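Read through the structure below, which is laid out as structure tokens, and then see the notes.
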Amino acid sequence: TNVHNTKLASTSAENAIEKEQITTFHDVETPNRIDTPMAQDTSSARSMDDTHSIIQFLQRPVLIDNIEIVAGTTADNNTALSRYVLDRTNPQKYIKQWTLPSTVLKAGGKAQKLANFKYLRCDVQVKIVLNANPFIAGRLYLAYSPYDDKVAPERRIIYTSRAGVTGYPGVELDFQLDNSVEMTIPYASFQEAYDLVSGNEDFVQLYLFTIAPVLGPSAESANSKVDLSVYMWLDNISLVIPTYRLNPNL
Amino acid sequence: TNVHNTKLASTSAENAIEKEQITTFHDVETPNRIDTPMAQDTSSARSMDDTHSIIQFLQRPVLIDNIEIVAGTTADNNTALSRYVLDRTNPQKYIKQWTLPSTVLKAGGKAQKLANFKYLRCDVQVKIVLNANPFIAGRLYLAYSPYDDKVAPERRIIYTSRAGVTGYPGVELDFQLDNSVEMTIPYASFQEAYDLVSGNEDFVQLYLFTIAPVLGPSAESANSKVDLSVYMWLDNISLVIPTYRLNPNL
Amino acid sequence: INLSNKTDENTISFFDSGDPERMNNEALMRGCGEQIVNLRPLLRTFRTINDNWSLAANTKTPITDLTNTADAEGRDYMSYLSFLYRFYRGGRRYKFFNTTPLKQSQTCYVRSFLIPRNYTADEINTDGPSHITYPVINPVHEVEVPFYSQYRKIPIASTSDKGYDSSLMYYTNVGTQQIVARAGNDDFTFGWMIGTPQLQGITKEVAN
Amino acid sequence: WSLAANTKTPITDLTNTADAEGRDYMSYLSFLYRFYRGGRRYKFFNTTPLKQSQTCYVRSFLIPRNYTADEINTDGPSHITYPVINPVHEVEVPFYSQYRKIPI
Amino acid sequence: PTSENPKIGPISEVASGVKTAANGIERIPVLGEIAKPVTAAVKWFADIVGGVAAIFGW
Amino acid sequence: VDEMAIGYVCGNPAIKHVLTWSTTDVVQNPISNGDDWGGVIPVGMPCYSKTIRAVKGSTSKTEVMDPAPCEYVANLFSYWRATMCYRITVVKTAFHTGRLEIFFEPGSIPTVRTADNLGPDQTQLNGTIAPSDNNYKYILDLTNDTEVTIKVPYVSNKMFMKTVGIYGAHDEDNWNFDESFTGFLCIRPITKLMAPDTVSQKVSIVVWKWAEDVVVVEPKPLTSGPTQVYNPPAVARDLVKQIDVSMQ
Amino acid sequence: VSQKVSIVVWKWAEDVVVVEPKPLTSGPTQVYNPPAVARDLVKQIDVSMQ
Amino acid sequence: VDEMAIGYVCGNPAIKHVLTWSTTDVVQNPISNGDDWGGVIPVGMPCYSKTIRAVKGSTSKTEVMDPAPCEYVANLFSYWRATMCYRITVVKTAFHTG
């Protein structure tokens, strides 16, 4: 019976059901396996680092945008937040807008790991690292508006006042006080999970407004400016249901 | 102090180091976060199924090949295993060959999850489900040869005898006894882990030989045949070291 | 391998999911507010079988006139759910909401009597228990019919016998229109279960 | 809110207008939030100046939001009133939803 | 139960003595769901077995 | 027994698929032969199957459905949530062998949309376009066994799904059908049907359908019209009954 | 450095009580829906009770 | 959290003044530069600020307000009583003094 390096053909139990992760094999009899006798782990990968999961991979910060606002510019990035908005041809100006959670699913190789999965529940974590020499001042407001693209215009963070914009959930971002701000955007869908295949829908828009423009010396200079870098990742993740389909958008 | 839906600009501890999964932010002061007060999980994804890891994803069986051997055919798939091999123009015939572990890394969307990782250690699990009506007989031998493509010809499972081939680690696969066989190929690299970026090397070849050809009725018939399906997945996995590089082969 | 055709009775449930009872409850506490567990409650609800049933003046109209039509349609619960069963028991409830557009007499009144099923008004007396309403002060009748039967279960099929269970007569001294809603009493239930029929959906008359 | 005879009128016809105005609480306070849950209550006080039929009655049914009357049956739970004896309808709509929160 | 009405519900609830989820596939008896034997559980039969004065017209 | 309980009615199984599996059917291709939704099993309580009865004289084009006791009940309500159970039996002998792949795919079904009906697209469900590798499945060996009961727990991004189903579903109206089912099971060969010339070259795949863990939400249908039972007329020239919904 | 600084002022309330649920305004509570173009006239809600 | 509570709504701050303080501004003179109520902060829940939207074709002269979450709530009622809180932040550097 006791032979090495081969498994001979034999009968076995007449009703076998082996369940791998999601595939379940039924066989008429128990398969005739050959495994390695007294197996070992002859590698060092488990000693180099820990094996990261998909939840860990999706928790990795990804650089989304790098902005550079210059002082003395009548551009939408430097022009400030307006007291009133009387018409839609004259809305509130913003530095950068982000459709979420798409902007993260389509970044850092996260779509490769979200592939072959149907439903998702996740919070979006945002970190902005700003840098401005001690002679530059200013103040930004990072706020998020849910369903801003799908909600009526009167209900949008765009097309409302400064006191309305700053009534939204956000972080005050001063150049000389808050060199860095963080923000957690919760799971914003009205449905039980994000559909990663059928519905390419976004549910929360992230806006970076300007309370006070870049205040620098009167003398024109290339140095009167600030540089931004926005990082994003996911948190409180749940990928559950497999699927053979993919979103070609991602 | 106690304000809602906004985090105002403020000072904080003068040396902050936040470590996300692999990125480590140093900030001059502690970022000014806004999180959701008394947060909830307003989804149902955690109730639908468990969140699978990359190790679980790579443990999913993938259909690699479906073979159909017909009786009364002088083809390499039906012609049997030869007692001797005197020359290389006359080697041993096989039904199908598989370069491992490539044939699995390039299958079932596993390259999407192995992407952005540098080193791997894994065993390959193989399952063959054969089906042949009770009136067909035959016997196959599934064997694996390490470094068969890189080792001298005299040392190859090809270019050796039937008694040499069947001296390799394998499973005897009879049609009416073993309708299904399983096989565990260990981590076959001589180095501490598979290099998923630089070295597109294969270290173990899997062969499906024929001991006895399909024995069926003398009367020619489309029914005197057998159908095979080969499943593959990985086991004892370790993905450790990230990287921005990818293998375009996968 | 043994030459055999057998059943091993193997069952597989997918998805590594939680308890369906708990999750279903969580869902109903957020999107329904109730949990229907049985179909007799639907025999207690009142549903319309005709939203306009016109009648003639001084005419005793058996409601079989209408329920023989309604039972085949499948519009109300007492008809839709009757195609799953063969027997029934218990009494029935009928509500008649007045929708009479014209004034015929100074005093309009609605009156209801009992009648054996499948009888005609010319075969029965206007005696026994009755109920009278005045649509001007009370535009809803709300009569109930008990199970006055010779048998413990009534078949939804035809029979040799006749007049073996009670039904309703409806009298109006004037030509009235009615919303007719019906239901079963607190004892009505259907028999023992059978298969479903086909269902009729949308009809699209297209020009050829 | 004038209506036509023998016409099934979804009240979205009116609430889509009202929600934008900001006149009632359910609209004024909706501009501070993004989600809502729960059912709704409607009262219809009769102000009909002319007599059309001897017997006037008001009836209310259910309907999925943003549907039209030609897309839904007049089945399910209903409520009927007679404005001459009861000039106030007082119907209520439950939260019969596929989702635990509805976005505005 | 948590109500704001002084009457918690519309009717008086009578208990059952059944032991199965009511939406489940397991076969459940109908005699446990209501118990109404030929006893003084029904009102009129109770009136007869007690010989109350109303069944005689008083 | 209480036979009016939703679990007793929705627990009575009925045959909704009888497919023909021939020796020519290709591996990783749905078994389309035999019936109107060949290979594809929409996972849900509602009815997915209908046929159009046409009568000329212009044409009326009445549509008829094939409800199981679980689909008869769901039609009385708007939204449903349940665990769907399927006994997939194969009619064969001790000499037929083969493997069968029954995998669940969530979401919309690949449909070929017709002016009056709605069916599956067998071209989009092959092993090349629809690889079953990242899919919950059960590979059934037919060497000696015949059947398997597959229960699919409720999975969706909605707490409840619609009960419309195939009612009024066509090239224009196809949304409510997709939002009435959590997905579909596809029955595909992993190994062609092996069969000698001494037996039939085809086996039948019977599928019974029933529901467990049922909840129904509101007692009003989502249908354009009321619940109507189809009374088959005597002759094919006869027009079907339509019930008066005019409230006046 | 800049010859000007910005003075931002945030406003909020504590220890709040509100008396009657009716506004003191000549007209009802109305949310301003910004029209598309500046030539467009704004919406006025009907307050005619008849 | 109960987000419909009057203290949670009226406790959400909003920017109602962004004034410019220049080196020329005189001592003991309100900082009027920058905004519509320069220097003066009316202490109350109601809205003190409005602008007139004019459209010609005669002119209609519609007036628009700038409510904070505390001023949105007060408008639903007739009379108010509250404690008004103001965070007066200055956007500057380590080299501005005053």
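Summed over the range H:7-51, the residues that are within 7 Å of chain G (Cβ to nearest Cβ), within 15 Å of the chain's Cα centre (by Cα), in a loop (DSSP other than H, G, I, E, B) and under 17 Å from residue H:98 (Cα atoms) give a count of 1. Every test in (1) under 24 Å from the mean Cα position of the chain (by Cα); (2) at the interface with chain B (Cβ under 9 Å from one of its Cβ atoms); (3) closer than 17 Å to residue A:69 by Cβ is passed by residue A:229 save one, and that test is (2).
Considering the range H:19-53 alone, what residues qualify as being of a type in the set (D, E, K, R) and under 19 Å from residue G:3 (Cβ atoms)? Across the range H:19-53, the qualifying residues are H:25, H:35. Here's a check for you: in the range B:169-214, which residue that is of a type in the set (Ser, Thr, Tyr) and in a loop (DSSP other than H, G, I, E, B) is nearest to residue B:122 (Cα to Cα)? Residue satisfying both the conditions and the ranking: B:187. If you check residue C:79 against the conditions, is it crowded, with 17+ Cβ neighbours inside 10 Å and of a type outside the set (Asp, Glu)? Here the answer is yes, as residue C:79 does meet what is asked.
With respect to residue F:155, is the statement that it is part of a loop (DSSP other than H, G, I, E, B), over 17 Å from residue F:27 (Cα atoms) and more than 8 Å from every other protein chain (Cβ to nearest Cβ) true? Judged against the criteria, residue F:155 is not a match.
For the range F:159-186, a residue qualifies if it is assigned to a loop (DSSP other than H, G, I, E, B), crowded, with 21+ Cβ neighbours inside 10 Å and more than 7 Å from chain C (Cβ to nearest Cβ), and the qualifying residues are F:163, F:164, F:165, F:166, F:169, F:180, F:181, F:182.
Is it the case that the range A:111-120 has a residue that's of a type in the set (A, V, I, L, M, F, W, C), assigned to a loop (DSSP other than H, G, I, E, B) and more than 7 Å from chain B (Cβ to nearest Cβ)? Please lay out each step first, then the result.
So the first thing to find is which residues in the range A:111-120 are of a type in the set (A, V, I, L, M, F, W, C), and the list is A:111, A:114-115, A:117, A:120.
Filter once more, so that each one left must be assigned to a loop (DSSP other than H, G, I, E, B): A:115.
Keeping just the survivors that are more than 7 Å from chain B (Cβ to nearest Cβ) gives none.
Within the range A:111-120 (the criterion being of a type in the set (A, V, I, L, M, F, W, C), assigned to a loop (DSSP other than H, G, I, E, B) and more than 7 Å from chain B (Cβ to nearest Cβ)), the answer is no, since none of the residues qualifies.
Looking only at residues in the range D:82-104 that are touching a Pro at 6+ places or on another chain (Cβ under 8 Å) and farther than 22 Å from residue F:175 by Cβ, the one that is farthest from the other protein chains (Cβ to nearest Cβ) is D:85. Does residue C:148 satisfy the criteria of being out of contact with any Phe, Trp or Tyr (no Cβ under 8 Å at 6 or more places or on another chain), outside any strand (DSSP E or B) and under 24 Å from residue C:78 (Cα atoms)? So residue C:148 passes the test. Counting the residues of the range B:121-138 that are more than 7 Å from every other protein chain (Cβ to nearest Cβ) and over 12 Å from the mean Cα position of the chain (by Cα) gives 5.
Residue pairs whose Cβ atoms lie under 8 Å apart, sitting 6 or more positions apart in sequence or on different chains, and linking a residue in the range C:20-44 that is farther than 24 Å from residue E:27 by Cα to a partner that is of a type in the set (D, E, K, R) and outside any loop (DSSP other than H, G, I, E, B), are C:27/F:81. For the structure I just gave you, tell me whether residue F:126 is crowded, with 19+ Cβ neighbours inside 10 Å and of a type outside the set (A, V, I, L, M, F, W, C). So residue F:126 does not fit the description; no.
The requirement of being closer than 30 Å to residue B:166 by Cα, acidic (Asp, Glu), in contact with a strand residue (DSSP E or B) (Cβ under 6 Å, 6 or more places away or on another chain) and at the interface with another protein chain (Cβ under 8 Å from one of its Cβ atoms) is satisfied by residue A:27. Of the residues screened, residue D:35 is not one that is hydrophobic (A, V, I, L, M, F, W, C) and farther than 24 Å from residue H:6 by Cβ.
Kindly list, by first and then second residue, each pair from a residue in the range B:38-53 that is closer than 22 Å to residue H:3 by Cβ and facing chain A (nearest Cβ under 7 Å) to a residue that is aromatic (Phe, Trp, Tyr) and surrounded by 22 or more Cβ atoms within 10 Å (Cβ to Cβ), limited to pairs with Cβ atoms under 8 Å and residues at least 6 apart or on different chains. Pairs that qualify, where the first residue is closer than 22 Å to residue H:3 by Cβ and facing chain A (nearest Cβ under 7 Å) and the partner is aromatic (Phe, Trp, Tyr) and surrounded by 22 or more Cβ atoms within 10 Å (Cβ to Cβ), are B:41/A:187; B:42/A:187; B:43/A:187. The set of residues in the range H:21-40 being crowded, with 16+ Cβ neighbours inside 10 Å and either farther than 18 Å from residue A:84 by Cα or touching a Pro at 6+ places or on another chain (Cβ under 6 Å) (or both) consists of H:21, H:25, H:31, H:39. Counting only strands (runs of 3 or more DSSP E) wholly contained in the range A:14-110, the ones carrying 1 or more residues that are surrounded by 20 or more Cβ atoms within 10 Å (Cβ to Cβ) occupy A:23-27, A:32-34, A:62-70, A:96-100. Note on the range A:153-167: among residues that are more than 7 Å from every other protein chain (Cβ to nearest Cβ) and not in a helix (DSSP H, G or I), the one that is surrounded by the fewest Cβ atoms within 10 Å (Cβ to Cβ) is A:158.
Looking across the range C:149-208, just one residue is more than 9 Å from every other protein chain (Cβ to nearest Cβ), among the aliphatic types (A, V, I, L, M) and more than 19 Å from the chain's Cα centre (by Cα), and that is C:174.
Looking at (1) within 9 Å of chain B (Cβ to nearest Cβ); (2) of a type outside the set (A, V, I, L, M); (3) assigned to a loop (DSSP other than H, G, I, E, B), which is the only condition residue A:217 fails? If we test residue A:217 against (1) within 9 Å of chain B (Cβ to nearest Cβ); (2) of a type outside the set (A, V, I, L, M); (3) assigned to a loop (DSSP other than H, G, I, E, B), just (1) comes out false. Scan the range C:1-49 for residues that are at the interface with another protein chain (Cβ under 7 Å from one of its Cβ atoms) and of a type in the set (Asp, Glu) and the total you get is 3. One residue alone among A:224, A:198 is more than 11 Å from chain B (Cβ to nearest Cβ) and within 17 Å of residue A:131 (Cα to Cα), and that residue is A:224.
Residues in the range C:117-143 that are crowded, with 17+ Cβ neighbours inside 10 Å, more than 20 Å from residue C:173 (Cβ to Cβ) and not basic (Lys, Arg): C:118 only.
Check the range F:191-199 and report whether any residue there is buried (at least 21 other Cβ atoms within 10 Å of the Cβ), touching a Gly at 6+ places or on another chain (Cβ under 8 Å), among the basic types (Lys, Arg) and not in a loop (DSSP other than H, G, I, E, B). Scanning the range F:191-199, I find at least one residue that is buried (at least 21 other Cβ atoms within 10 Å of the Cβ), touching a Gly at 6+ places or on another chain (Cβ under 8 Å), among the basic types (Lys, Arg) and not in a loop (DSSP other than H, G, I, E, B), so the answer is yes. Hey, any hits in the range F:223-239 for a residue that's in a loop (DSSP other than H, G, I, E, B), among the charged types (D, E, K, R) and away from chain D (no Cβ under 14 Å)? There is at least one residue in the range F:223-239 that is in a loop (DSSP other than H, G, I, E, B), among the charged types (D, E, K, R) and away from chain D (no Cβ under 14 Å).
Of the strands (runs of 3 or more DSSP E) lying entirely inside the range F:76-120, the ones with 1 or more residues being within 30 Å of residue C:78 (Cα to Cα) and within 9 Å of chain C (Cβ to nearest Cβ) are found at F:79-91. Among the numbered conditions (1) facing another protein chain (nearest Cβ under 8 Å); (2) under 30 Å from residue H:19 (Cβ atoms); (3) in contact with a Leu (Cβ under 7 Å, 6 or more places away or on another chain), the only one that residue A:80 does not meet is (3).
Any read-out appearing in this document is the output of simple, stated calculations on the displayed coordinates, not a laboratory observation. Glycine also receives a Cβ, built like all others from the backbone with ideal geometry; neighbour counts cover every protein chain displayed.
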